[PDB]
Structures are given as C-alpha cells and as structure tokens.
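Next comes just one chain, in structure tokens: the form deposited in one PDB entry.
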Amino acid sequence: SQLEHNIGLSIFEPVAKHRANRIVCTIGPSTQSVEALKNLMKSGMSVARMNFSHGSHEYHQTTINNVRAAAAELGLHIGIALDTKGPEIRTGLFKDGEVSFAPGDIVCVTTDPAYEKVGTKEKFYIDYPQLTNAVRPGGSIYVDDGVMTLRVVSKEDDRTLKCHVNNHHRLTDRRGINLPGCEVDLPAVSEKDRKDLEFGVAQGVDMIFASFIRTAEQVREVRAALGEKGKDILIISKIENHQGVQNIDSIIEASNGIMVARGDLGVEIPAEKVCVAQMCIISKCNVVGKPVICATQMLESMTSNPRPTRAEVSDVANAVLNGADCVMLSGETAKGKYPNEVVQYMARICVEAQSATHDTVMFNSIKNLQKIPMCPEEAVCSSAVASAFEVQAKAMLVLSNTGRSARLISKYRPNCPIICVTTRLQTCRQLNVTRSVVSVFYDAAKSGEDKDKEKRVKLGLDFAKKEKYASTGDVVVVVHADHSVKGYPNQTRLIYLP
C-alpha cells in the first residue's frame, strides 16, 4: 500500500545517483547567451523551450544557434522545442487606452467589429464572432487572464450581450478573453503560427509545443501544417481548457505527447480542478506510453528568490510522483535572477521524488491495463523491464532508430537508466522528453551498417561503463532484434559487463 510504503520512507538514506525525470527550460534574456546555456545544461536542462508568444524570428534564431553551440561544446544532445503563440480571443481597444470597472457595472460586449477601436465603460468589442452562441445568460466571460469576471445577464441582439461586472479592474487595449466551459471554434493554426512552424521546420526543431489544442482534428491540422519536411517532428499538445480535458483520449492518440499547461488551464477551469485534470492526464499518458510534461509556476518564487517556497517543492515532487516524464520552467529561467539555482533545485527535488517512488508499483499498474494480446515488441519491452527488476539490473540498453523502442521501455518505468543507442541525432534530441532515457549516437556513415548489432551494443556498454551507470560484472538488460527480424526488437538478453 502507498501508506505502508510511506511509513518506511527514510530522509537519511542516500538518494538515487541517476536522475530519471527531465527538465524543460524556457530561454529568455536571463539565459540566451552561449555561456548561460552551458550552465543551464550543466545544471540539468534537457530541452530548451522557445516561447513564440514573444520575440521575433531573429530572436529565436539566436536561441537556436546558441543552444547548438553550447551543446556542441559539452557534447550533449539537447532538444529544441517551439512553443506556438496559438489562436486567441481579445477585446478591442478602448478610448484613451483604458477604462476602469467596478462591481455592479453593466457593460455591453459586442461582436460588431465597428466597435473594435472605441471601447468604453458602456460597450466594448470582443473579436470572437460566435460569442453570443457560445456563452448563455448566467455564463461567465473572463477578461485579462481571469482577473476580471463578467456574468452574462442577457442577449440584446445576435451580436451583443449585456453583462454584469463582478470585480474591480482596469482594462487596457486588447486584453485576453477566456470563455470558461464553452466550445471555441478557432482554427488549430493561426496565420502567425504557420510562419512560426515553417520557421521551425526550416531550422530543424525537434518538437512543437502546440497551444490550445481542443480536438484530435486540430492535432492533425498541426501535423498537416508541418508538411512532408516536418513529418518527424514531435507534436506535444498543450491541454489548456475544458475541451482539451474532455477530448484527452483522442488528443493523446493523435499527439506524440502532452503538456498539462496549468497556467491557461487554471484560467479556463476552476483553479482547484487543475489538480484533478493533472492527475488524470498524466496517468492517461502513462497508460499509453506517451511523454507528458507538467508546466507552469512550479518554482515561481525562484524568479526572485534564491530558495523555493515549501508549496513549490511539493509541487515538483508531486508531479514526479503523479508520473510526469518532464517538469518545466518558464519565467524562472526565461527572466528570473537565479536560472541556474532553480534548475538545480528542480533536479534535486526530482531525484528525491524518484527515490521515494515505490519501484514496481507503476510497472505493475501500467502493465495491468494493457490490452492482451500485446504486440510482440511491447511484450519484449515490458518483460525486459520485469527482468531488470528481477536481477536488480543497473542499466538497460536498447537499440532504437526512431525512438519508439526506447519510449516503449520507458513506458514501463524501470528504476534504472535506459541507454538508447540510436542512428539519428534527432532521436537523441527527442528522447530528452522521455523518463530515464540516456542517448548515445552511433554513426553508421562512419562505422558501417551493423546488421548484427554488435557495434551498437559495444558502444552502449562502453557508454554504460564510462558514465558510471554500471561496472564490470554487473548485469545489463539488452533489447534489440535478432539477426533476421526487421523494424522492431523481438529479443531481450541479460549480459554481464565484461
């Protein structure tokens, strides 16, 4: 039982040596320099996130270039993620550029674009034409990231609602609008996003963090916008509102991965329901074996302070215990005073949660919900992890070209490193969002075809020795194909390190 496991925990015991969870950092003026990025990497950043809400292509090019230089200097494979702006709903402009509201104020909000630039206390524009279908009398409209709240009192015509203002607030031009609990018929990709994705495909980004994903169809439209050139780039769908949460099954099926985008999600649904959504989404991703990232405000106060709050420490530990592959930092590294320290704390907190995790409970829980019969690669991979628990293996080793087999092994949550020997650099970079995985690159152009796996396996066992994952006489669990089977691994071996 979780309870019996808890009572036997010890704060004094040494912790795990090898961090399993992974850390995504948002780059910004605190962290964009090659020097900054090197330290971020030494501190534990696995994936660098470019937030295309802010900054020009020129700005993000510097990030891309600096990340590549920083990683090349340290001999690391660091993923690069493009996080789209996404479509949005905004108010119009106001006269004199602002208006102040008070509780009780009645205000008409209109979908008539005539009113776009002449917002007053009495009447202002919202640029979502379907508005008077999507929110009914009694429903709420949230303005400015939830900070001001309107109750719809009535529909005046097919383009205008009379609303009641709930709280004091000062609006400036073009504030964000959220419609909590309303379906929202905005396109998966805005015009700006197309140019942003085109840029990402051209610069060879490893993954898109796709904003405001509400339906599987929208994931497909993002895949389509990436076209043939970008067919290999991961799509990590950001779950940001109620529809996202409702359609999670079919969104998970269409995506390569998920981000629990708690910031927007906590505006769209009550803040307290975000923990329910988080637990549900992470677990559902664990069940199908797709990477999931927990995001937003995890270590917020470290934007300004050199130590985190108690709440913050528990937030990170709990996202790890919930089952998340990755945890993420935004402002904390984009613009905070302590980018290095914050990543270091997050690394330490991860390691503690990892050591306090019951080894085999995830493995069993996950395995028990799989449909039987399994595909044989998945039987090979789960049973490899089982056999890793049985011999207390110190590492596993898998040959994966696309990353599929590595993600399949990580799905079953071994308690040791998963060394992945791959033939694609992009795969080394993409496996950064997968718990436990450590990539080594095998250069076929330079060392040859390796039909019988022996060179890739040697390379992996040498890496295991060098990185101090295991030593001479330790058992490693090795997964690849036999001499004739092609396209997936059908073989597991137990090998003593020579």
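We number the residues from 1 along the sequence you see. In this text, the rigid core denotes the largest set of C-alpha atoms whose superposition between the two forms falls within 1.5 Å.
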Q.
So, looking at the entry's B-factor column for Cα atoms, which has the higher mean, 18-26 or 5-13?
A. 5-13
Q: Averaging the C-alpha B factors as listed in the entry, name the stretch that ends up higher: 84-92 or 238-246.
A: 84-92
(Q) Out of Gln426, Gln392, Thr422, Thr160, whose C-alpha atom has the biggest B factor in the entry? (A) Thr160
Q.
Out of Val437, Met50, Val47, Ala445, whose C-alpha atom has the biggest B factor in the entry?
A. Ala445
Q. Against its chain's modelled residues, does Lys290's Cα B factor rank lowest, middle or highest third?
A. lowest
Q.
When the deposited Cα B-factors of this chain's modelled residues are ordered and cut into thirds, is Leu40 in the lowest, the middle or the highest one?
A. middle
Q: Using the B-factor values recorded in the entry, state whether the Cα atom of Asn401 falls in the lowest, middle or highest third among the modelled residues of its chain.
A: middle
Q.
Sorting by Cα B-factor within the chain, modelled residues only, which third would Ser365 end up in: lowest, middle or highest?
A. lowest
Q) Where does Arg223 sit by CA temperature factor within its chain: lowest, middle or highest third? A) middle
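What comes next is about the form deposited in another entry, which does not appear here.
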Q | Core-superposed comparison between the shown form and the other one: the option from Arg424, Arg223, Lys273, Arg90 whose CA moves 2 angstroms or more | A | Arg90
Q. Would one find the Cα atoms of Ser330 and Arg175 closer or farther in that other deposited form than in this form, where their distance changes by 3 Å or more?
A. closer
(Q) Between the shown chain and the other structure, the Cα gap of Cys182 to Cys285 differs by 3 Å or more. Is it closer or farther in that other deposited form? (A) farther
